[PDB]
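See structure below.
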Amino acid sequence: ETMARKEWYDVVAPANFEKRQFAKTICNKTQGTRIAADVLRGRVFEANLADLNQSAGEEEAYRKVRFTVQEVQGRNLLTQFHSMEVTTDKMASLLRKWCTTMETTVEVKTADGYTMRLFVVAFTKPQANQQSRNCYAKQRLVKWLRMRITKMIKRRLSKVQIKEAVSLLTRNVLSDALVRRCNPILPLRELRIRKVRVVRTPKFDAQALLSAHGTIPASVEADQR
Amino acid sequence: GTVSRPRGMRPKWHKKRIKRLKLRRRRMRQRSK
Amino acid sequence: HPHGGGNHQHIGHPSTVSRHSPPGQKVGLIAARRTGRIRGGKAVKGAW
Amino acid sequence: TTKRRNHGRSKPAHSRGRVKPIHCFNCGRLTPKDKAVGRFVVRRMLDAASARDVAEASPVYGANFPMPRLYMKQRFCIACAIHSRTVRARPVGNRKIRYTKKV
Amino acid sequence: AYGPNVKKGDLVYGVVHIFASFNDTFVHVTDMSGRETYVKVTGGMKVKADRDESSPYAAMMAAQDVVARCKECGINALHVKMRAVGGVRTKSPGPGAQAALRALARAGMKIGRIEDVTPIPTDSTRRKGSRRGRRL
Amino acid sequence: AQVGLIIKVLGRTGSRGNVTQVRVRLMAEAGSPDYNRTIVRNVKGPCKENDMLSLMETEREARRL
RNA sequence: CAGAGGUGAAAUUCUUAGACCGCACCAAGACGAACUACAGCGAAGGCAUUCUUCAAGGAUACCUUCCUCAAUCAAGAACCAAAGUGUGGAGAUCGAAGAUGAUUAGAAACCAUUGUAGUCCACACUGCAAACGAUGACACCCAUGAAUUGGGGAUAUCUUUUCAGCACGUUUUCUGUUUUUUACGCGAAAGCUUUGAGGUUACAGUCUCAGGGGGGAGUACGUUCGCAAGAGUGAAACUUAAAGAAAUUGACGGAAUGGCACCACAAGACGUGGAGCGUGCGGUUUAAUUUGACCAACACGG
Ligand SMILES: [K+]
Ligand SMILES: [Mg+2]
Ligand SMILES: [Mg+2]
Ligand SMILES: [Mg+2]
Ligand SMILES: [Mg+2]
Ligand SMILES: [Mg+2]
Ligand SMILES: [Mg+2]
Ligand SMILES: [Mg+2]
Ligand SMILES: [Mg+2]
Ligand SMILES: [Mg+2]
Ligand SMILES: [Mg+2]
Ligand SMILES: [Mg+2]
Ligand SMILES: [Mg+2]
Ligand SMILES: [Mg+2]
Ligand SMILES: [Mg+2]
Ligand SMILES: [Mg+2]
Ligand SMILES: [Mg+2]
Ligand SMILES: [Mg+2]
Ligand SMILES: [Mg+2]
Ligand SMILES: [Mg+2]
Ligand SMILES: [Mg+2]
Ligand SMILES: [Mg+2]
Ligand SMILES: [Mg+2]
Ligand SMILES: [Mg+2]
Ligand SMILES: [Mg+2]
Ligand SMILES: [Mg+2]
Ligand SMILES: [Mg+2]
């Protein structure tokens, strides 16, 4: 039986997520040189943001957060933020025809390091008084909007740590600031951060990892049944 | 059937036949030359 | 030379020779993986 | 004998010279994007009968949280649009009528 | 006998990948990372005719086999990720997509998040076929 | 052998028209998981509204075509 | 961990050697989805990610400058999709030739798996497209209604901590662009219509290219250009009464829509087709085997 070799582990999200011990995984019992701890590190776990944050509303059900296992603590897989992405159905439903889809790509490095790419998407909106068949935007205004989004994200995200940056993206604080400062340039139906991804990471720090996880909930996987 | 009568074989392939014939006459004259 | 001789100028045996051929015998296409006109993307020559 | 004033495509005589072709959704035939028949499709992931069972067994989905749907931009060549009944031949007078919104 | 040390009745989540092609259907249960797979059953493992590999009944039988194995492994809830062949080929899901998902739901399995994850190129290579397409 | 009641006849499907498509309400006990569950089935032979069927498998549902 | 792929169905093909599938990764070469429109730009060919750049180009605005400097063109010159050619590079995907598996009476095809040249880049050739709006360029008049792109005038709504005395948007106007619906007039008609195919027998604004029944034939020869493929130029002998064009009515469709029929099918029932025999038809034979009829002929000419 294949499941005889399998041991169960708990995946723990960092402390800035309400539900810590999300998801469960299996791994081959360390049958020699094939150590479970060595093979577990680097595994990426994808979870829905609504499940991670129970208090979150409707908008958080359309975002997925991926976590990379940075260390194996007993039966607890302490993880770090890897990427955040909007679901396929929500993103496809946002596209409307008679308007321009404006996309921005911003690459910033946080205080810990952690270079990340942001992938902002925006859509133009007809005015309430407007009756024109289209609401296409002048490329001058699109470039201005792209410039302002780039500056704001670079300014805000480069002075904070990785945990604060994840909190800003998860709680829609950065997105709300963007949409509030970008509407004067151009009437926006919706400004959304489509996908965040960490592209570069600093040398592995466990002290900073232990500081990022706060108080680690225990796992009873290794305990007697 | 976007076209009317070719009236005696598809003109494209007739042109191809004429082209091969021209090449054959060319080589024959080259042999004689 | 292994290729010399004959009433016609020809190699009478395959010119692709083994990697282990002793010196004097290792002439021609030495340990060739393929022959012909390559015919496609040129593979990177040399060992792996 | 010009069948159509627009020659079956959205390319007036002094707008452009070339529109980049796209592959047909079904057969893959390369046709200009303006000429190809384009339908935006919002298809339910499951039919009503099966969605009822899945929503019954799903804590996530129910009367308050709708299930996801498939969004596809489908562009057909003329032959595949006709064969799949997306468009049909029409009487000469009715060939002119056009639609701008999905009705 | 197999399953996490959790209170009886608590939901243990796997991820079911439903690859529904027009030639076959895949019902593949992994963990949330996707690295470890508990059970993979295809529609062609349940039928003897190649034409019946992608039938809805074959997908239903494959899903029931998956449910039995997932019950043995301790998995009792599933996030679903459905895909078509995607890429440059057709984006329409196969016949067995609905059949597999309905069979999983009816067999007592709890269903979590549902997502469509068919590969979508932002710009693609040349599609199979000529510029005249497949001619039938 | 679940017994189902025909509540309405949708129409005569098939090329030859021999098979008809009906809406079937399962005749289950009160409080059963199949109580008042309706499915669409293809029926061979002369069938009328308020007829009863013996369904071998209740999972399958006939295509609406 | 046992199949995967592919198809009307299969097989060529891959697969315990671990294929397919799943996740996170890489590499390389293309490409730039949805947004993408009877939209924009460009002389045409053509041109879609972002940022930073280099020349430009048009439109608009102007009580700026100048003062016919223009329109169009033999000869002559430059650019020009794809295919093709040469030399380097690239080769992910797809794929002429070829191969194999199917399907066929045959199938050198369509379908499947492949696969070379090619596809991509640089430089240099080639300059033959349904290079089409099948509509040469410039200039003038020209009826109506909704729009649309760009720039300006004048005067309801939304956002408003910086490329910002903003941006959009309303109404009206205007110049310039790509158009659409429905007035003369024109046309053989289809149709065109300030975007002419209108303002033409009431025939004259200017320039220029091309055509004169069909073929032979864009062939032969000569000659120029090209590496070659070819390109430009271009006959005649001979043959032929039509070839064409647009509409009309039929008929037909392995094109749609709606109906209908046991001389149709479905659900079935009795059969016929197998045996013997009666009868009619054919053939054979014969002096003659009298003849008509071949779904709508053959127990029918009662
Ligand atoms: K020799
Ligand atoms: Mg606009
Ligand atoms: Mg026709
Ligand atoms: Mg015609
Ligand atoms: Mg003609
Ligand atoms: Mg010797
Ligand atoms: Mg010799
Ligand atoms: Mg020799
Ligand atoms: Mg233009
Ligand atoms: Mg063109
Ligand atoms: Mg069209
Ligand atoms: Mg198969
Ligand atoms: Mg066909
Ligand atoms: Mg492997
Ligand atoms: Mg794009
Ligand atoms: Mg080329
Ligand atoms: Mg070349
Ligand atoms: Mg060389
Ligand atoms: Mg291939
Ligand atoms: Mg020409
Ligand atoms: Mg012409
Ligand atoms: Mg413009
Ligand atoms: Mg008009
Ligand atoms: Mg010539
Ligand atoms: Mg009847
Ligand atoms: Mg009759
Ligand atoms: Mg009779």
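Convention: sequence-line order gives letters A, B, ...; per-chain numbering from 1. Side chains included, hydrogens not; waters and symmetry mates left out as well; all remaining heavy atoms used.
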Centroid-to-centroid, E/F19 to E/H28, below 6.0 Å? no

What about A/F22 and A/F67, are their ring centers closer than 6.0 Å?
yes

Across all chains, not counting sequence neighbours, the salt bridge (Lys or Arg N to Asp or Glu O under 4.0 Å) partners of A/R41 are A/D38, A/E71

Base, sugar-phosphate alone, or nothing: which one does [X] contact when heavy atoms must sit under 4.0 Å apart?
X: E/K128; answer: sugar-phosphate
X: A/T104; answer: nothing
X: B/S4; answer: sugar-phosphate

- Query: For residues A/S83 and A/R66, is any side-chain donor paired with an opposing acceptor at under 3.5 Å?
  - Reply: yes

Side-chain donor-acceptor pair present, E/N23, E/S21, cut-off under 3.5 Å: no

Syn within 90° of 0, anti beyond: G/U16 is syn

- Item | Under-4.0 Å side-chain N/O to phosphate OP1/OP2 contact, D/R75 with G/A37 | yes

E/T37 side chain near G/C23 phosphate (N/O to OP1/OP2, under 4.0 Å): no

Which of A/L188, A/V173, A/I153, A/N183 passes side chain to side chain contact (heavy atoms under 4.5 Å, CB included) with A/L178? It is A/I153

Going by Watson-Crick or G-U wobble geometry, both distances under 3.5 Å, is [N] a partner of [M]?
N: G/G198; M: G/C141; value: yes
N: G/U148; M: G/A129; value: no
N: G/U233; M: G/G222; value: yes
N: G/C138; M: G/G205; value: yes
N: G/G46; M: G/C41; value: yes
N: G/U16; M: G/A90; value: no
N: G/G226; M: G/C300; value: no
N: G/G230; M: G/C225; value: yes
N: G/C123; M: G/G86; value: yes

G/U36 -> Watson-Crick or G-U wobble partner, both distances under 3.5 Å, gives none

Going by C1'-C2'-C3'-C4' alone, is [N] a north or a south sugar?
N: G/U135; value: south
N: G/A134; value: south
N: G/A210; value: north

Evaluate the criterion side-chain contact (heavy atoms from CB on, under 4.5 Å) for residue pair A/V69 and A/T79; output intermediate values, then yes/no. CA-CA 4 Å; A/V69 178; A/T79 60; 3.9 Å; yes

From OH of E/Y38 across to P of G/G22 the rounded distance in Å is 17 Å

In whole angstroms, the gap separating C1' of G/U49 from CZ of A/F119 amounts to 11 Å

Contact string for nucleotides 181-197 of chain G, one letter per nucleotide 5' to 3', B = base within protein heavy-atom range under 4.0 Å, S = sugar-phosphate only, - = neither, reads S----------SS----

Protein heavy-atom contacts under 4.0 Å, written 5' to 3' over nucleotides 154-175 of chain G as B (base), S (sugar-phosphate only) or - (none), form the string -----BSBBBB-BSBSS-----

Against the side chain of E/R126, the closest entry in G/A256, G/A146, G/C94 is G/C94

Among G/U257, G/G244, G/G6, the one nearest any side-chain atom of E/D50 is G/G6

CG (A/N48) and OG1 (A/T87) are apart, to the nearest 0.5 Å, by 7.5 Å

